[PDB]
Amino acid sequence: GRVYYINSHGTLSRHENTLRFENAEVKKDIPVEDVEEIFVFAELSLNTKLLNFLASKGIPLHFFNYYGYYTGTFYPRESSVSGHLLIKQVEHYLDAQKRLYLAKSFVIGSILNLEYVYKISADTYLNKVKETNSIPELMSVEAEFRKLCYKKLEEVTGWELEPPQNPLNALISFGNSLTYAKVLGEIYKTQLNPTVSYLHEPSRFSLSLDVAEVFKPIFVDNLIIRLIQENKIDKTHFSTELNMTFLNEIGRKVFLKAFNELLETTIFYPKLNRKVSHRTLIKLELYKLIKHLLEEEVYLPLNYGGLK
């Protein structure tokens, strides 16, 4: 378990070249070598001695408040920088034709994966994408198919779908933020700059937003459907306080355990003739993008259905 999740209130610190979490009930040492990223969901006291240490090991920290609302990320000083790649990233944005191809690829990845999850024909939508030259249009089309899938999510779950006013909306927002953060963490480990995107305007980490479009159906929608239909997540995993409905502590733990188990679940990847983790699919997707920006190979979005 390379990703570390903190669900208890306490103090996180650097202790003898390792991490230490402590509160009134516990004091555990966590070898910083087995930690690649940290998600924080509780009240935590920390200091620069800790942050400078995490920065040194290249460990991003993601924060979520009482309501499970993602508030921000401690993004460490970059480990590896590539001026060439950076130029190419921006070049593919400045050139309308290059940017269009990428903007479309991300939308296609999103539609294809939503189609796999919701089993709704996307041919009509994919056709519009193939025929337009307007990025704003692509967005419009993607939002149209996304809307269709939300209407179906509501039917397949039986939960009402509309700041989350409903348990389902809470689940969607929580899963989406977890995905945005996880993707951001993967971008950090590469030479890619997280602010240069092609679908979404470059602001906010726009590249994470673009890439997450391809993965959200897998880490969010699909997981939510299974958790609700298999009765893993139910109405007792949510709370409504001051007209604020949110995934609570117990529910948050159920979802995170499911999210992390999915991240670590392996799947056969033809190109490597071996099974890779879902987390690795994100990494591999980033390297496919990099190779595209380097003009070495055309970028094709992950067609998750094809691996199943």
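The first residue of the shown sequence is 1; numbering continues from there.
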query	finding
Residue 162 to residue 163: deposited residues without atomic coordinates	4 to 9
Interval residue 203-residue 204, deposited residues with no coordinates in the entry (none, 1 to 3, 4 to 9, 10 or more)	1 to 3
Of 278 to 286 and 239 to 247, the one with larger mean CA B-factor	239 to 247
221 to 229 or 143 to 151, whichever carries the higher mean Cα B-factor	143 to 151
Highest-ranked of 125, 74, 116, 106 once sorted by CA temperature factor in the record	125
Given 79, 173, 193, 157, the residue at which the Cα B factor reaches its maximum	79
Relative C-alpha B-factor of residue 134, binned into the chain's lowest, middle or highest third	highest
Residue 213 - which third its CA temperature factor falls in, relative to the rest of the chain	middle
Lowest, middle or highest third - CA B-factor, residue 27	highest
Residue 273 - Cα temperature factor, lowest/middle/highest third of chain	highest
CA B-factor placement of residue 88, once the chain's modelled residues are sorted into thirds	middle
